[PDB]
Amino acid sequence: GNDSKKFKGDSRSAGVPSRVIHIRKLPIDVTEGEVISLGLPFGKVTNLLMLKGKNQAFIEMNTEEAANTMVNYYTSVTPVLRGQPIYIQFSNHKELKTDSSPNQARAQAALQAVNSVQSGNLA
């Protein structure tokens with residue numbers, strides 16, 4: 001997996017009126033805390049489409065600005081994760097609605113963790 005035709009035209013710039021981002025070349029030990037962090041200081045991650053199957057992930061920012069701050073900034077830099085460089089580029093979709101999936105159950109924990117803490121589930 002190198003590219004699935006994202007925004008055709010003439011060149012391969014990084015600019016799209018959206019909020020959801022698409023990250024590639026993720027680390028083998030990639031986690032939510034990392035992926036989400038990619039847009040933590042830039043905005044406020046709301047979703048996360050973990051794609052460990054192909055070392056990928058997404059980030060649904062709260063606003064377009066936030067998403068247009070990490071993708072426009074990282075484009076020049078390199079957000080290394082776990083000692084490995086990744087990819088940054090706006091996602092094709094504009095509304096992540098992850099629900100009932102194998103690579104979803106291990107995502108809410110992060111979103112909730114950063115938010116608040118309680119623990120104690122007793123399974």
# chains A, B, ... in the order shown; residues from 1 in each chain; ligands from 1
$ residues_around --residues "segment 63-80 of chain A" --least-positions-apart "6" --cutoff "8 Å" --atoms "only C-alpha atoms" --output "VMD selection string"
chain A and resid 14 to 21 38 to 39 42 to 44 86 to 90
$ residues_around --residues "residue 26 of chain A" --least-positions-apart "5" --cutoff "8 Å" --atoms "only C-alpha atoms" --output "PyMOL selection string"
chain A and resi 55-57+81+84-87
$ closest_residue --among "A:13, A:3, A:109, A:28" --to "residue 47 of chain A" --atoms "only C-alpha atoms"
A:109
$ atom_distance --atom1 "atom CA of residue 9 of chain A" --atom2 "atom CA of residue 92 of chain A"
14.4 Å
$ select_by_dssp --residues "segment 27-66 of chain A" --states "strand (DSSP E or B)" --output "list in words"
residues 47, 51, 56, 57, 58, 59 and 60 of chain A
